[PDB]
Amino acid sequence: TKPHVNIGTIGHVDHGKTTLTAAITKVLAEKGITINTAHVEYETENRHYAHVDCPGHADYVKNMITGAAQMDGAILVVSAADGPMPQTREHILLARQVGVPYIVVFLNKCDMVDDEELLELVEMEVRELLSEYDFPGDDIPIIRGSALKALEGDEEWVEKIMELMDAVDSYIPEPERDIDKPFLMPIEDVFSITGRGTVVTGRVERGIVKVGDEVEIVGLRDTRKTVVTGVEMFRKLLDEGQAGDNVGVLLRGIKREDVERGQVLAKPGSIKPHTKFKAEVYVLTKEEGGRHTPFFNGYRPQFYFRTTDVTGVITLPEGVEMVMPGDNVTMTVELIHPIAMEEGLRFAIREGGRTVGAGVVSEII
Ligand SMILES: Nc1nc2c(ncn2[C@@H]2O[C@H](COP(=O)(O)OP(=O)(O)O)[C@@H](O)[C@H]2O)c(=O)[nH]1
Ligand SMILES: [Mg+2]
């Protein structure tokens, strides 16, 4: 019966994220690139959660950009004593750059703060700071609690943990399943057979492709349309192929010269080709197998999107001159060929087949 949701705690060091994570688990029970990540699983009445808490700054940066999970929502932990602090802002910004869809706030350490008027002012400030980065600060739920005192079993704080989790259960919706999204299949291989026409293999990323459906071929070249005359696997002929399936798809009236790896098939109009975009990117450290030297405004490495890579030129934001191994940066990119893309799409940066970066499209230009 029970739906799955990926969430995780964000906010400034020491504000209570790890404590809150253990309070939530305690209470609910009673009822290459390296990322340090504590994962816990727990349940409410209505839902199953996979929850990540990170120790270090770098970990949040890397988990957010090059995940593993992808957060359907985040719990912003903020100390009522202190107020929002620099990493409060940084994590809000990152969540916006990478497309964390919803936020719920837990104002923590309310056991250290009598004075209702002060709590309201800290609350108003959290709200404004959320709205600076276009989250709807006026409607976000903010619960006032104490993770410490909830683990001691103190009743009023145990109930604030439940108030949080009720809020999460209601305000953070379940992610749209991939099968209910517009059809999309990145193309891996292309075969021309004289008997049949041209078939493109790959994995359906989303939706359903049905024999007789019409699809666009998007990216690299100009968007052409066609109709699907066949779906297949090794000795099976199928009427359709769905999200997760590896299939060959037979296309009608398509010369082999007119499709290639890196293009996608897609429901007509569902996705458009682009060369220019903004992205948040994490640059790997020497130790992660990345660069050991900085790069600058000209830099022109390979961008890997779905099944292919395209050369692109990187422009740094105003007042950033260099990027070191281990930084994260918002960069603007112009690729030499268009690629089917949307905000939220993740990609790698490589040079000579060696991974130097991981990124996500934050804005299409
Ligand atoms: N007074 C009080 N202290 C807390 C509360 N939650 C956490 N702390 C304390 O603040 C410190 C940092 O908490 P922790 O969960 O490690 O912070 P994190 O870095 O955000 O994960 C620890 O000493 C906690 O015991 C709370 O609800 N009330
Ligand atoms: Mg912690």
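Computed from heavy atoms alone, side chains included, the values below leave out hydrogens, waters and symmetry copies. Order of listing sets the numbers, starting from 1, for every ligand and every atom in it. Throughout, numbering of the chain's residues begins at 1 and tracks the sequence.
At a 3.5 angstrom cut-off on N or O pairs, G16 counts as close to ligand 1. Between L148 and ligand 1, an N or O atom pair is found at a separation short of 3.5 Å. Considering backbone and side-chain N/O atoms, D53 never comes within less than 3.5 Å of an N/O atom of ligand 1. Note: no N/O pair closer than 3.5 Å links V13 and ligand 1 by distance alone.
For the ring pair (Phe, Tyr, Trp, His ring centres under 6.0 Å) criterion with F347, the lone passing option out of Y282, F305, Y304 is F305.
With 3.5 Å as the limit, one finds no donor-acceptor pair spanning the side chains of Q87 and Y60. A donor and an acceptor atom, one from each side chain of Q302 and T311, are located under 3.5 Å apart.
Listed for the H15 side chain is a donor-acceptor partner under 3.5 Å among the backbone atoms of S79. Between the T21 side chain and the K17 main chain, a donor and an acceptor come within less than 3.5 Å of each other.
Near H12, meaning under 4.0 Å from any of its heavy atoms, are these atoms of ligand 1: 20 (O).
A single hydrophobic cluster is not seen to contain both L129 and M85; linkage of ILVMFWY side chains at heavy-atom distances under 4.5 Å, directly or through other members, places them apart.
Among the backbone and side-chain atoms of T19, none of the N, O or S atoms lies under 2.8 Å from the Mg ion (ligand 2).
Of the options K149, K17, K109, the smallest heavy-atom separation from atom 10 (O) of ligand 1 is shown by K109.
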